[PDB]
Amino acid sequence: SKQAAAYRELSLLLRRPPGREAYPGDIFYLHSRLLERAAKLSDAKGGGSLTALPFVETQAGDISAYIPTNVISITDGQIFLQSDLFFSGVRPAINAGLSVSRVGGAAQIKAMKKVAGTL
Amino acid sequence: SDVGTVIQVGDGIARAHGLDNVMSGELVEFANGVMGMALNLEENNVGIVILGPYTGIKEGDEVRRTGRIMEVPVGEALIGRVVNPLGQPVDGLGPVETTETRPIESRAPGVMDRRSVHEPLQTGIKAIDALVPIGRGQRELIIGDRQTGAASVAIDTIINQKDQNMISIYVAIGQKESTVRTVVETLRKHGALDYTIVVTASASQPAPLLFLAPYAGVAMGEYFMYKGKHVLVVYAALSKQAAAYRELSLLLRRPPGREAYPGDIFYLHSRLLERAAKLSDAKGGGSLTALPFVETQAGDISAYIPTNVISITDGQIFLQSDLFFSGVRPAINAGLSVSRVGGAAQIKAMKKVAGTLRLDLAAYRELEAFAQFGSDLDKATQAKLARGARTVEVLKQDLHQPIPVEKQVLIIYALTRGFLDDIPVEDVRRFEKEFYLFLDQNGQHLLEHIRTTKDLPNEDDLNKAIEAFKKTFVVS
Amino acid sequence: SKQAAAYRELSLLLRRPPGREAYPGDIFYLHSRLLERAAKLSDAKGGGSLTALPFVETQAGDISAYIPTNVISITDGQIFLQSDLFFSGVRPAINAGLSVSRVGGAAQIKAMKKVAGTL
Amino acid sequence: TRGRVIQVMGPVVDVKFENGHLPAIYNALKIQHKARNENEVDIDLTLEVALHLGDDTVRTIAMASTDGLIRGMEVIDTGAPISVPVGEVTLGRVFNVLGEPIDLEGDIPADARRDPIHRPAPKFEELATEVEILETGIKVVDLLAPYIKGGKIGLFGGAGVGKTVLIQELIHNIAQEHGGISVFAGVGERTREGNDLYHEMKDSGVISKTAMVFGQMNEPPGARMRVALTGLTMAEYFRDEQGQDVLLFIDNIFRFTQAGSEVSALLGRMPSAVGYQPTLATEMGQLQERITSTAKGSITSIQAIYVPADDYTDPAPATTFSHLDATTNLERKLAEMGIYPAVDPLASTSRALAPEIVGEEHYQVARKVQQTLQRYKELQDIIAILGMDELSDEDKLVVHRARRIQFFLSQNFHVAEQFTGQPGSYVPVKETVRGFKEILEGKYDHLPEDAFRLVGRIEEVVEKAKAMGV
Amino acid sequence: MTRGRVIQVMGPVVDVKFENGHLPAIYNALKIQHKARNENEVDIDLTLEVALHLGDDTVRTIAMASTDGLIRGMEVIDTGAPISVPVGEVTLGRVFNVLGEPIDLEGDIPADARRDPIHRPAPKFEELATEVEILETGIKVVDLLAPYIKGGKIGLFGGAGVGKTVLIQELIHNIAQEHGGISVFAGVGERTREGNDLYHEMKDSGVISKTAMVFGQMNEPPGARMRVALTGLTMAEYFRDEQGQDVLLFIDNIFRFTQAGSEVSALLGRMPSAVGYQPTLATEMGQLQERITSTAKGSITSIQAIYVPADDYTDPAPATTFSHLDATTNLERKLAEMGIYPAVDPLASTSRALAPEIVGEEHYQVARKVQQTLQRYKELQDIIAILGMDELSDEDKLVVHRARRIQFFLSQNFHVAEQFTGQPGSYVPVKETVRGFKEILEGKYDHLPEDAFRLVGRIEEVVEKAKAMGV
Amino acid sequence: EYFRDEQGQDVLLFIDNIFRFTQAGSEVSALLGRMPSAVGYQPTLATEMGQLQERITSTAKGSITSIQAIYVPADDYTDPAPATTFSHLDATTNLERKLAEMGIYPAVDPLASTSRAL
Amino acid sequence: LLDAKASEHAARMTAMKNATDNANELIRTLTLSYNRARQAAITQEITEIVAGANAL
Ligand SMILES: Nc1ncnc2c1ncn2[C@@H]1O[C@H](COP(=O)(O)OP(=O)(O)OP(=O)(O)O)[C@@H](O)[C@H]1O
Ligand SMILES: Nc1ncnc2c1ncn2[C@@H]1O[C@H](COP(=O)(O)OP(=O)(O)O)[C@@H](O)[C@H]1O
Ligand SMILES: [Mg+2]
Ligand SMILES: [Mg+2]
């Protein structure tokens with residue numbers, strides 16, 4: 001989110017026409033370029049890996065803002081942390097309802113899979 | 001000189017160097033055989049709008065003068081065709097065979113060239129003909145909500161003109177071409193195609209043609225209106241023409257305004273719609289009535305272009321999706337819809353029967369809202385509530401089922417003279433169906449009297465017929 | 001606000017950059033220059049004074065326009081009159097809760113300062 | 001001398017003058033051109049000078065369409081602004097922005113007195129400053145928005161709320177009585193409405209004392225900019241030379257500013273707030289300040305003002321407010337409830353109600369009506385959930401009268417028969433003030449609320465309840 | 001000579017100057033093939049598409065790949081024709097990119113195979129076919145309220161993370177095995193992971209064998225995302241107009257196409273329109289969507305997922321696409337969070353297309369009764385929020401009682417959602433869908449707990465699920 | 001900074017209305033003709049705030065700690081000026097007129113500060 | 001009857017507590033949406049103004 005603000009500042013100084021929330025039209029591409037470069041390589045390409053954990057700061061828990069929706073539409077899931085939960089004493093405050101891992105379930109170990117369902 | 005050379009081409013626009021004697025608003029033709037129109041006469045170049053495919057036009061090509069202000073063919077041969085905004089057929093039946101043209105830009109009739117709207121245009125829809133009547137020479141906006149019947153209203157109106165000596169021009173602006181073909185096959189079946197002439201500007205066409213289409217339709221219509229005929233023009237997605245004009249202006253580098261629309265955006269539709277009129281007797285008495293159509297997203301009336309069009313026309317018909325899903329079909333909102341000629345566009349019988357209906361129904365909606373909270377009610381207010389519920393029921397109708405004005409007046413007479421007060425509300429639709437059958441069988445003198453004199457039949461005979469039917473009727 | 005409109009018209013006709021509502025960048029400084037000339041002089045300077053009362057007409061209660069916000073930030077207080085109070089029979093119709101004076105107390109005689117607090 | 005056309009961009013035209021004799025600003029220019037061949041058209045066009053550029057060049061605003069103009073056409077400087085005839089010769093006729101009669105009754109003679117459209121406004125010493133009430137015969141106004149003789153009246157409202165019907169009712173009720181001249185100016189509104197009004201005036205006979213000027217929606221922005229000034233000049237002549245009392249009706253003076261904003265970008269200005277021209281207040285004050293009464297005569301001006309989206313903070317209405325002595329603000333909620341004329345009873349400041357004149361009898365009734373209607377607004381959100389049970393004892397006494405006061409403020413108009421199925425009514429202020437005092441005293445709490453709708457005198461409410469079967 | 005040189009480079013946009021009288025047409029492809037003749041340069045293999053004639057022998061063009069390493073003065077070659085791609089039976093089982101080059105690693109396509117230009121006009125008014133027949137999908141809410149038209153256009157609108165891709169994959173699973181004709185998938189602006197994952201699901205399916213593919217994803221520059229859709233459309237058009245086949249066409253996001261257009265309109269020197277989009281937004285949407293139609297020779301059924309930038313449906317791209325679609329389904333984050341999948345908002349549904357013929361007697365009465373009940377519940381929800389159900393009228397309490405049941409029974413268990421949840425999916429016929437909603441509307445199941453209705457198929461599964469729950 | 005770097009001591013800096021600082025920056029940006037950012041603020045809002053705030057720190061030879069009074073433009077805490085400022089706070093202190101009336105001075109109720117610092 | 005009157009006043013007390021809490025939550029979320037709309041409107045207007053000036 002701070003990178004996006006910096007890029008927007010750069011674009012307004014080059015006088016490019018702003019759009020929604022004064023961000024340039026290229027803001028989606030800014031993050032798509034970056035986040036498309038993490039991958040799981042096939043055995044022909046060596047089998048290496050690169051996994052990314054980008055952070056985005058919302059304003060009042062609003063998930064429907066422009067930048068948060070862009071990044072949600074780029075990544076494979078999100079972990080949503082709630083400020084009230086953090087203040088009540090639950091500091092690892094993961095809102096279980098809104099947070100999801102779209103590809104991670106197949107990568108749990110079987111021992112964890114066998115007990116996570118009831119939890 | 002009377003030639004020029006293209007210096008820039010792109011996005012359906014071109015600049016030319018030369019053309020010294022070109023007029024503002026003239027026709028020009030490229031070497032390709034494609035046409036254009038001179039909009040801007042800069043000091044040393046000319047801004048041209050391309051009326052066809054521009055991928056064949058290159059910088060350095062020559063451009064020729066034609067000496068003709070922007071024009072369009074007009075004549076009895078356009079009837080039964082499907083035609084492009086330039087008068088070129090697209091239906092595939094051969095050349096149209098016209099013999100004269102009209103300017104697409106022309107002056108609207110003056111204050112003294114007109115007459116007051118005084119004669120009705122029947123849509124066959126009870127709610128419209130009774131609450132928001134439309135007269136010959138009037139302009140009415142139909143603004144709907146995609147899933148509500150707004151689109152079908154005008155096609156039903158055009159088909160209902162089959163015996164009234166109208167000529168029709170359907171103008172499809174920015175529409176999908178398979179929908180224009182679906183409209184043409186619907187009209188064909190109706191032989192309504194045989195009057196309907198049809199102008200098409202599908203969405204794959206360049207912006208200039210979508211900007212020209214309504215002007216071509218109105219210019220083809222006024223040919224008949226100034227000869228003394230009566231014309232009905234329907235404009236489809238008139239906001240797509242506004243989008244096309246915004247595209248053209250931004251590409252010619254005219255600075256934008258509110259949103260990104262030019263400052264001329266009101267004047268565009270003002271020119272377009274002020275040409276509809278009822279001519280005076282000294283002018284031949286012809287007429288031309290316009291029915292623009294707008295589709296709304298989520299029922300938003302506060303859209304810029306729709307508000308401009310509302311401000312230009314003689315009234316609007318509003319159809320809401322909440323009304324549509326609650327069971328009111330057509331979903332016409334009575335408080336929001338008005339006609340600015342109303343009354344003068346109704347036959348005498350309709351004026352006598354339904355002169356207060358719209359105000360009554362709006363007051364009833366207000367009372368119905370207030371009574372839900374209100375923990376008590378008395379006799380007069382309950383009577384008003386019952387009459388309002390019966391009115392709402394009487395105004396319901398099915399799609400594609402037109403009703404003659406003489407039958408409409410008799411049913412509304414029954415409603416407003418208290419003859420339905422004892423019928424249960426859930427029985428009024430079937431009462432009306434059987435009442436129409438009984439009229440067919442037994443009240444031909446009444447129907448003929450209304451039809452030939454435009455006035456109510458004898459009151460006592462009418463009451464007798466109604467009471468005989470009531471005797472024959474069976475309640476659920 | 002009408003003086004501000006006149007200046008905005010002049011600065012647009014001279015082609016200067018536009019600001020929040022097409023106002024120029026020095027519209028705040030215009031009214032600061034104006035309103036800071038109202039002062040209470042010290043005795044070595046003569047003891048004279050000059051107090052200013054800018055007046056503004058609202059269109060429903062909205063004070064969120066740019067110029068009203070500027071003047072609100074520059075002044076020492078504001079007196080609020082509301083049509084809801086005016087029609088309910090309370091005239092002069094001042095909204096004592098929303099109104100404020102920051103000199104208050106120091107600008108009252110002893111007799112008033114004695115009895116106004118309980119009121 | 002002679003100039004030439006250089007650029008054509010819709011309504012704006014650039015003309016170059018050769019020998020250093022540039023036309024002054026606001027001068028009229030003529031382009032008269034007979035076709036040289038079959039590849040041209042004949043032109044007879046008028047332009048108004050707006051700006052001076054460098055290199056001996058001028059920007060002008062066309063008063064008609066610009067189709068057909070060619071670069072190089074000759075332009076004649078007439079030496080003065082647009083000038084229009086004044087005097088008796090204007091009475092009973094219909095004109096356009098240029099002073100040309102558009103009725104079919106002939107043409108004005110060439111030698112007749114002809115006055116210019118642009119003029120400075122009257123000075124501080126010569127202004128009239130006294131308030132006499134004007135009776136309209138309309139209950140809500142005469143109670144809650146009294147008009148001033150010789151003042152300025154504004155009728156605000158968004159689209160389709162009843163401004164034109166109300167203007168026509170005001171003409172119907174006041175013009176025949178008036179012992180002076182009437183002037184009407186149609187500015188950017190419907191030619192159908194203009195034709196209707198002209199024929200109604202003709203049938204009545206009032207047209208023999210009336211001058212009408214029309215520039216309607218179908219005109220280019222220059223005409224819509226200058227038609228109001230044409231009408232104003234015709235009215236100023238009668239105020240000044242004849243010392244007459246004048247009624248000036250202007251339909252939608254908003255179109256004047258809208259046309260200015262249409263041309264502004266082509267003239268080359270930077271946009272102001274909400275896309276208007278930077279000179280909106282200046283241009284509006286130029287016109288508004290000339291419409292005023294002096295020691296030599298009076299102009300009673302009634303203007304209809306369009307509010308673009310019922311948004312009263314829009315700059316055009318917001319600037320118009322500072323020029324009006326009284327206002328009426330029309331409400332869409334009432335229009336949708338079927339309460340016509342639909343005047344919002346608060347917003348009017350009742351300003352003429354300015355306590356003295358009304359002050360003893362009428363002011364107490366007017367303020368008690370407004371207090372009752374203010375309380376009912378606050379109640380309406382409470383009313384729904386909690387309120388209809390809890391309010392039912394204390395506050396239902398307020399609601400029961402507020403419903404009836406609000407239905408009785410509506411009326412049936414003479415010119416609204418095609419909408420109401422009824423003939424109209426004319427209510428004198430005494431009867432209005434009497435009736436509202438009765439309703440507030442509770443003399444009519446028993447009659448059904450629907451009887452109060454669309455009537456005149458309170459006796460008519462009693463009769464309607466009788467007919468309903470009370 | 002028919003060669004030019006680079007004059008300017010500004011991101012995706014390049015300016016090329018040619019000799020007099022040899023300017024290329026407006027959609028011509030251009031080639032830059034540069035060998036790094038010195039260690040302070042790099043070699044280049046880039047293709048451009050012409051966009052504007054700038055004046056003074058100069059052309060402005062859009063690059064199909066990254067322009068990094070271009071130098072003012074490189075030599076540019078005109079191919080004389082628009083971008084042309086292989087067509088025919090040779091494309092079946094293959095994966096391609098925007099230029100028509102295979103990317104599946106099964107070898108090249110012969111140099112002499114037929115290839116068709118990417119740009120062409122739409123079919124004529126006299127060639128179009130206008131007949132409506134329903135396309136059964138097995139999804140209750142669709143087949144009841146939003147039924148798809150064989151040969152028409154379908155639009156799946158939704159915000160971020162709401163279910164567009166899962167819904168499209170359930171449609172691919174329910175339709176594409178049975179379809180018998182040819183099929184084309186076009187991935188525009190979506191995840192490259194999802195293109196890999198889809199290729200292997202298809203491969204195993206031997207549905208790869210007919211159906212396979214073109215891709216240009218979120219990693220690509222704007223030029224490729226502006227044209228992959230046209231490439232896929234060209235390959236579909238060949239099968240429609242040369243073999244008479246009925247063709248399925250899937251587009252995983254068509255909003256990214258207009259987004260790519262607006263990312264270059266600025267650098268092309270065009271004034272911004274509302275919300276910053278290009279001024280030609282509607283024209284470019286229309287020229288593309290008009291070529292996806294059914295003629296007499298064959299038919300194209302197109303299913304298009306449409307992103308709404310924020311959860312905002314008035315955004316210009318979705319709002320302009322609304323005019324081209326024969327059915328629409330709008331997905332809502334509110335339902336997706338209440339736990340209702342597919343999460344379709346039932347009202348919008350192009351409930352126009354549904355109504356008249358097919359449904360019009362039997363199914364129309366059930367579909368309208370469902371929409372009327374959900375409309376009245378939606379009216380009450382405002383007061384239900386403050387005071388609950390304790391202040392409703394006893395007949396307005398029944399509306400809530402049955403609307404909850406109807407709203408839960410509209411949700412379903414998908415085959416493709418098994419990999420999230422061990423529950424296997426269900427296919428439900430239209431007759432059973434109409435049957436079940438009719439009984440619920442009559443009150444046959446008013447006693448069951450509302451939880452029995454969630455994520456089931458036929459109405460019998462509700463009974464069995466409540467019995468399992470212990471009622 | 002002179003006293004932090006030369007005398008090697010802990011200093012206190014008070015800034016009455018950081019909002020007025022950001023507002024002046026916006027006015028200057030309009031004067032210089034830059035394109036406005038969201039809600040009308042200058043495109044360099046975050047950079048300017050960061051350049052000011054990043055010079056207040058503790059070094060090996062002293063520190064600066066700053067008490068800053070912050071005006072929320074419309075009682076909207078998501079507005080860009082309050083958001084960019086709150087991005088740098090380590091602590092907070094709120095004063096209550098209720099306690100000032102109860103006679104409890106200092107009149108403090110400073111809750112957010114508990115979570116980070118303490 | 002004494003039992004019934006006690007129960008009625010407790011029931012009304014709990015209902016009006018819950019109603020007040022729900023209304024307060026609604027107020028909070030409505031203020032959030034209002035502020036979002038206000039910010040978006042300001043941005044749209046300023047962008048239109050500057051774009052017109054730039055095109056000029
Ligand atoms: N019908 C369903 N049943 C179960 N889970 C579902 C269903 N639909 C969606 N989900 C879940 O919610 C998420 C929706 O993701 P999906 O890819 O369908 O969304 P999308 O709209 O295509 O998003 P994006 O724009 O980010 O590509 C997935 O993580 C999936 O686990
Ligand atoms: N006094 C009235 N009585 C009945 N109907 C009215 C009245 N005033 C307005 N209306 C209705 O409102 C419509 C629009 O009024 P109009 O005069 O066009 O207002 P505006 O000029 O503000 O658009 C009229 O056509 C009429 O149907
Ligand atoms: Mg009007
Ligand atoms: Mg997706």
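What's counted below: heavy atoms across the whole structure, side chains too, no hydrogens, waters or symmetry copies. Convention: sequence-line order gives letters A, B, ...; per-chain numbering from 1.
- Taking the centre and axis of the six-membered ring of B:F370, the NZ or CZ atom of D:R403 falls inside the cone set by 45° and 6.0 Å.
- Using a 4.5 Å cut-off between heavy atoms, B:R365 makes no contact with chain D at all.
- There is no contact between D:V470 and chain B, counting heavy-atom distances below 4.5 Å.
- Side-chain contact check for B:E274 and D:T191: at least one donor-acceptor pair (N or O, by modelled atom type) lies under 3.5 Å.
- Residues B:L359 and D:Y340 come closest through the heavy atom pair CD2-CE1, 3.5 Å.
- Neither the backbone nor the side chain of B:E26 comes within contact range of chain D, judged by heavy atoms closer than 4.5 Å.
- For the pair D:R224 and B:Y267, the cation-pi criterion (under 6.0 Å, within 45° of the ring axis) is fulfilled.
- Neither the backbone nor the side chain of D:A309 comes within less than 4.5 Å of any heavy atom in chain B.
- With a 4.5 angstrom heavy-atom cutoff, D:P271 does not touch chain B via any of its atoms.
- Only the side chain of D:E449 comes within contact range of chain B, with heavy atoms under 4.5 Å apart.
- With hydrogens and angles ignored, the 3.5 Å screen pairs a side-chain donor or acceptor of D:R190 with a backbone N or O of B:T313.
- Both tests pass for D:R255 against the ring of B:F266: distance under 6.0 Å to the centre and angle within 45° of the axis.
- Contacts between residues 158-165 of chain D and chain B, counted as heavy-atom pairs separated by less than 4.5 Å, involve D:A159, D:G160.
- A pairwise comparison of heavy atoms in B:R340 and D:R192 identifies O-NH1, 3.6 Å as the closest pair.
- Not one N or O on the side chain of B:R271 forms a donor-acceptor pair closer than 3.5 Å with the backbone of D:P220.
- Only the backbone of B:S339 comes within less than 4.5 Å of a heavy atom of chain D; no side-chain atom from C-beta onward does.
- What you find for D:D196 and B:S116 is that their closest heavy atoms are OD1-OG, 2.7 Å.
- Only the backbone of B:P109 comes within less than 4.5 Å of a heavy atom in chain D; its side chain stays farther off.
- Proximity to chain B (any heavy atom under 4.5 Å) is restricted, for D:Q258, to the side chain, taken from C-beta onward.
- Contact record, D:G194 with B:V111: C-CG1, 4.0 Å, taken as the closest heavy-atom pair.
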Next item on the list: List the steps and the verdict of side chain to side chain contact (heavy atoms under 4.5 Å, CB included) for D:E193 and B:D314.
Entry: CA-CA 10 Å; D:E193 296 175 329; B:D314 297 295; 5.8 Å; no
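- With hydrogens and angles left out, the side-chain atoms of D:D67 and B:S24 include no donor and acceptor closer than 3.5 Å.
- With a 4.5 Å cut-off on side-chain heavy atoms, D:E336 and B:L336 count as touching.
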